[PDB]
Amino acid sequence: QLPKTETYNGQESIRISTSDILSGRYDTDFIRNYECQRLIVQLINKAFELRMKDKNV
Amino acid sequence: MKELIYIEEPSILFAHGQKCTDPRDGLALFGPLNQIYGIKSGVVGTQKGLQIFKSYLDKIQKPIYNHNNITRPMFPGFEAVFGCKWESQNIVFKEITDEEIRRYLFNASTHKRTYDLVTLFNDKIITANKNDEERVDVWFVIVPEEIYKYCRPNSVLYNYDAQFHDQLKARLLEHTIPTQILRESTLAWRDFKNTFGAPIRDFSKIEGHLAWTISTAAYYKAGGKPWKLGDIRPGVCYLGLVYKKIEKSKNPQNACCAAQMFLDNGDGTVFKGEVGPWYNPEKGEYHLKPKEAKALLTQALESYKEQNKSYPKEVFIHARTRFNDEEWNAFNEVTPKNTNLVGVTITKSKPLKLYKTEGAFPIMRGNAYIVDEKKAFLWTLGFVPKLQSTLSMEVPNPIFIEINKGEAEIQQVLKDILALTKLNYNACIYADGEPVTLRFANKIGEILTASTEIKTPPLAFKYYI
RNA sequence: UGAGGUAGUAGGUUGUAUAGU
DNA sequence: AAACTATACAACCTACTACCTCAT
């Protein structure tokens, strides 16, 4: 869907382990822990919605 | 692997210091703690409403039955259940002309019709009790069914409220008159049918509950105490705090908070929390600014001092919203060092539907699910074996409790709100989901919000329910 | 009395109209 | 007197707090 994404470099991406997030042992200036778990539940909800729309129901 | 702990069913006192668990059966077996000498009924309405009320009262005088006493117990008669006497004589009746109803009917907007009818009933009651020598403890407003139907807020052919009884009690609050509105179809269902030919207000099996509720409301509004709580510690004060918001247009709703207070008995001493034009309805987070918080706390403390002479050792606060830090900090320094302050939030929007593997039975009422020290669940709804039925409908839903600040035992507040759920007076049900400090909360907020013009509401409860 | 219906914002995302030295 | 350029709150991007009614 995006033909200009072919030149992306993965070093600019940043990854954070979910273990300390779910254990409440992650806290950074970039993302708040409350904001992080909010992003997590949002991702869960959106993935669930896309999963049932892929069910053809 | 977690389990569900059990909280015992709380007990309510009765006559001669007797302890039961059901209010109806305990009343039928023992009766009230304190006796009243006699009540005198007053009625306003048409002569048709007068004869309907007379027929229903003499029917109440007779012992009436239901299908079975396991769930809906039979009514042993008002005299045999309360020790008070009800008669069809010495009754003060005021007539309303139906021609005036016809004159008020053809108005364009139903709001002014509601206003004029409500004011007509109000000053009729005021005139009736300001001239008649015969004392009337409870006035029975027999509203006609077509008035309740055709004069609805959205019926199709600002501080005043469109609800009839809301405005009725709001403008009757300034004269200390215990009134109770009775819908006509409730006690005239025998001759009331639908268009098909059936009573849509059917009580062919269930009228015993109606007799029970009407009788206990009449006794409570008379002045007598039907039942109280069993065990109350020396120095614990419950504060069920209202956090219901109205949608009062461009008028600043802000915080229409009120507060209920149970200290030693079932006595509720509601003092009017401020309207508080701070934090306009764009800011409706119910964050109480310190001056009003300390004013309400001072009201509660002064009421406790007047009723008990001793400083309370622990204040229980019940609400339904989250509590911010500055509000509790304002709540702290006014309280003495010896006492303790703790806040509980009760909510329904949290979903938790516990189902059953075999059979078709729900969760037995009294189960407590503990998630943490702060958060916990209480199943105040569902099956109860004393009833041999469920108080809930379909699947019960619990109330999510959570202590915010202060140190207290979680099972202590669990059993305390379980005991608080048993004190419903307007309806003689076994128990309700929300506690009675929160059950009365929305209704008394609706009562107070319907008349801004008052400044010192009475702190009793007869003029509200 | 409890499950569907509904306006409107927690609190930090990114667009109006500046003024700081 | 003027170069960069973020500023100072502010309008809004998905889902939290509460209402209100529909009929069992």
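Sequences listed follow chains B and A, in order. The entry's author numbering puts the first residue of the first sequence at 226, with every later residue one more than the last. Take the second sequence: its letters are residues 1 to 157, 200 to 507, numbered as in the entry's author numbering. We put the beta carbon where it would ideally sit given N, CA and C, even for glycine.
Pairwise C-alpha distance: residue j and residue i
i	j	result
residue 324 of chain A	residue 295 of chain A	10 Å
residue 411 of chain A	residue 131 of chain A	58 Å
residue 228 of chain B	residue 289 of chain A	51 Å
residue 449 of chain A	residue 16 of chain A	37 Å
residue 186 of chain A	residue 506 of chain A	Here chain A breaks off after 157 and picks up again at 200, leaving residue 186 of chain A without coordinates.
residue 476 of chain A	residue 231 of chain B	58 Å
residue 409 of chain A	residue 463 of chain A	14 Å
residue 141 of chain A	residue 203 of chain A	18 Å
residue 425 of chain A	residue 20 of chain A	18 Å
residue 341 of chain A	residue 313 of chain A	7 Å
residue 285 of chain A	residue 361 of chain A	7 Å
residue 219 of chain A	residue 133 of chain A	15 Å
residue 9 of chain A	residue 282 of chain B	46 Å
residue 18 of chain A	residue 319 of chain A	48 Å
residue 276 of chain B	residue 25 of chain A	54 Å
residue 53 of chain A	residue 229 of chain A	7 Å
residue 455 of chain A	residue 148 of chain A	41 Å
residue 237 of chain A	residue 498 of chain A	47 Å
residue 138 of chain A	residue 249 of chain A	22 Å
residue 441 of chain A	residue 2 of chain A	19 Å
residue 335 of chain A	residue 384 of chain A	14 Å
Bridge partner(s) assigned by DSSP for residue i
i	result
residue 303 of chain A	A/281
residue 370 of chain A	According to DSSP, which records beta bridges pairwise, residue 370 of chain A is partnered with nothing at all.
residue 385 of chain A	A/359
residue 105 of chain A	DSSP output for residue 105 of chain A lists no bridge partner at all.
residue 431 of chain A	A/426
residue 12 of chain A	A/20 and A/271
residue 139 of chain A	A/42 and A/221
residue 6 of chain A	A/409
residue 75 of chain A	A/64
residue 313 of chain A	A/301
Range of the contiguous beta strand (DSSP E) that encloses residue i
i	result
residue 42 of chain A	41 to 45
residue 411 of chain A	409 to 412
residue 361 of chain A	356 to 361
residue 417 of chain A	417 to 420
residue 227 of chain B	Careful: residue 227 of chain B lies outside any beta strand (DSSP E) and carries neither H nor E.
residue 221 of chain A	221 to 225
Endpoints, the alpha helix (DSSP H) within which residue i is located
i	result
residue 93 of chain A	Segment 92 to 95 is the beta strand (DSSP E) holding residue 93 of chain A; no alpha helix (DSSP H) there.
residue 344 of chain A	332 to 350
residue 444 of chain A	First-last for residue 444 of chain A: 441 to 445, but that is the beta strand (DSSP E), not the alpha helix (DSSP H).
residue 254 of chain A	249 to 264
residue 405 of chain A	Counting along the chain, residue 405 of chain A falls outside any alpha helix (DSSP H), and DSSP gives it neither H nor E.
residue 81 of chain A	78 to 82
residue 266 of chain B	258 to 279
residue 126 of chain A	110 to 131
residue 484 of chain A	478 to 491
residue 455 of chain A	452 to 462
residue 535 of chain A	Outside the modelled stretch of chain A, which goes from 1 to 507, sits residue 535 of chain A, for which no answer is possible.
residue 149 of chain A	145 to 150
residue 394 of chain A	Run containing residue 394 of chain A: none; DSSP gives neither H nor E here.
Of the residues the options, the one placed nearest residue i, counting alpha carbons only
i	options	result
residue 310 of chain A	A/262, A/237 and A/124	A/262
residue 322 of chain A	A/298, A/307 and A/95	A/298
residue 303 of chain A	A/479, A/47 and A/32	A/479
residue 77 of chain A	A/86, A/354, A/69 and A/71	A/86
residue 252 of chain A	A/47, A/21, A/455 and A/231	A/231
residue 164 of chain A	A/56, A/292, A/256 and A/273	Coordinates for residue 164 of chain A are simply not present: the residues of chain A run from 157 and resume at 200.
residue 445 of chain A	A/313, A/414 and A/427	A/414
residue 60 of chain A	A/67, A/47 and A/79	A/79
residue 275 of chain A	A/157, A/356 and A/351	A/356
residue 241 of chain B	B/257, B/278, B/226 and B/234	B/257
residue 331 of chain A	A/358, A/368, A/350 and A/344	A/368
residue 388 of chain A	A/376, A/372 and A/439	A/439
Whole-number beta carbon distance between residue j and residue i, since they are thought to touch under 8 Å
i	j	result
residue 266 of chain A	residue 32 of chain A	5 Å
residue 490 of chain A	residue 300 of chain A	6 Å
residue 328 of chain A	residue 363 of chain A	5 Å
residue 467 of chain A	residue 429 of chain A	Not confirmed; about 19 Å, so no contact.
residue 255 of chain A	residue 469 of chain A	5 Å
residue 353 of chain A	residue 381 of chain A	7 Å
residue 268 of chain A	residue 27 of chain A	7 Å
residue 216 of chain A	residue 496 of chain A	6 Å
residue 447 of chain A	residue 365 of chain A	7 Å
residue 358 of chain A	residue 281 of chain A	6 Å
residue 390 of chain A	residue 437 of chain A	Actually they do not touch by this definition, with Cβ atoms about 14 Å apart.
residue 291 of chain A	residue 115 of chain A	That belief does not hold up - the Cβ atoms of residue 291 of chain A and residue 115 of chain A are roughly 17 Å apart, past 8 Å.
residue 49 of chain A	residue 226 of chain A	6 Å
residue 123 of chain A	residue 46 of chain A	No, residue 123 of chain A and residue 46 of chain A are not in contact; Cβ-Cβ is about 18 Å, not under 8 Å.
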